[PDB]
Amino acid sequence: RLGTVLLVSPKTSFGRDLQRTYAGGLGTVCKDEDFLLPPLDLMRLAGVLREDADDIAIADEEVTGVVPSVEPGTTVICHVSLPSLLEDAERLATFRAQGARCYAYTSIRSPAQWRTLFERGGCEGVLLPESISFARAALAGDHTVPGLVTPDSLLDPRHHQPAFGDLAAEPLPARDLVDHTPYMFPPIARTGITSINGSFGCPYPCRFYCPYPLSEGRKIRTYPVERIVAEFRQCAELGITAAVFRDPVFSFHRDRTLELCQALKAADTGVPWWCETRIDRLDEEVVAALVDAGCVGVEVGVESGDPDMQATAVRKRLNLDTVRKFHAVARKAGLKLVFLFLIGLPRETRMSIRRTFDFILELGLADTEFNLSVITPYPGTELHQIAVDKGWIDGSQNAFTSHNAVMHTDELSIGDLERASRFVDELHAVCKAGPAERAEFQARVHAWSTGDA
């Protein structure tokens, strides 16, 4: 049945600097954001609903424009992020006041925030990642369905053990329902790029701070390679210029990765792609396979440039010399790189932060081959609860931008972390410039790390 359905990534005061897909689907906000990705989750929902829906459309109001109004009676699904949960609850109440049977889609696993969605937003339910596979039943009324949160049984312990349905029978995302031209991925193409998943979840212990296992579960759940190949053929046929994999650890299964590479090569879709993965799930053979299969580059997590931080707080048992050797193998194979760094994990000191910057300049990374995040305690992670029990969070959640200093540790004050927060803007500007700016930035960081005012 279903009737008219409109899936909307609502408008916010953040603009397109808000990228709802990142940080485990809770959203990042990065000033002058040039990684503008399409509303993948809404497209997957459209893909599963499209069979039993009279009409269905997708509206990224930051691109297509704000939906003027809705006709009363139709379903509206909004994408609620974390740093804009209030604005998206307001948009959800706006659709409710026009007789829309409102729903909400989010990766937020915090019954406290769901409360705000049923109260201000007035949602007949809240949809979570697990719900996508069953998104039909959810709107048919069934509530024993995973990923669907009523305001009734708002504290069922099923919503912290994400039961994932049969991923292999999921329809392809309705990528044909969205003009991909306004979507950008600078390291590959400036127009018409799309996002894609080949697997979900992550089992690693750095779930202490990272939200990806919280949003997606601690179990790797893969799609069949032949579905991903079908997606690449779909992208070529639609005229999409690039495909960006959102898998937290794309190369987790090594043999599966080589098989997927060979299959993508055989398909000869001529679609270039990008992926995210751990350094310790990459070796020379797998890198060669990726470059050969059409992968332009990878985002890998280094987090810190301080050896002791690697042996403790980073929780990856990642060695800095392994990072160096991987840098050599990746440049020597022509794979583009973006190293992912993190400032302000508990146990971090000034000299630790400075040694991170020291590592970034030692490696000689262009401005485009690194990204620095400021530690933000995402609700549902162990770090957020330890941060509450220690009065660590000084900022409000509408600044839970992955780049705003919003919490201090037992070793660092928000003045130190806000200072570093601005030092990352300095590092980008200074990496755009020449050696003379990088030596005077490296002087400042040394002086700031020593003194300890």
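Residue numbers here begin at 1 and follow the sequence given.
J.: If you average the Cα B factors in the entry, which is higher, 38-46 or 52-60?
T.: Averaged over C-alpha atoms, the B-factors run higher in 52-60.
J.: Look over 193-201 and 84-92 in the entry and identify the one with the greater average Cα temperature factor.
T.: The entry gives the higher C-alpha B-factor average to 84-92.
J.: Sort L342, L258, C235, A140 by C-alpha B-factor from the entry and give me just the highest.
T.: By C-alpha B-factor in the record, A140 ranks first.
J.: Lowest, middle or highest third of the chain for the C-alpha temperature factor of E119?
T.: Highest third - that is where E119 ends up once the chain's C-alpha B-factors are sorted.
J.: Comparing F134 with the other modelled residues of its chain, is its CA B-factor in the lowest, middle or highest third?
T.: Answer is highest: the recorded C-alpha B-factor places it there.
J.: Check where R20 lands among this chain's C-alpha B-factors and tell me if it's the lowest, middle or highest third.
T.: Lowest third - that is where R20 ends up once the chain's C-alpha B-factors are sorted.
J.: Could you tell me which third, lowest, middle or highest, the C-alpha B-factor of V388 occupies within its chain?
T.: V388: CA B-factor falls in the middle third of its chain.
J.: Divide the modelled residues of the chain into thirds by Cα B-factor and specify which third, lowest, middle or highest, holds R101.
T.: Highest third - that is where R101 ends up once the chain's C-alpha B-factors are sorted.
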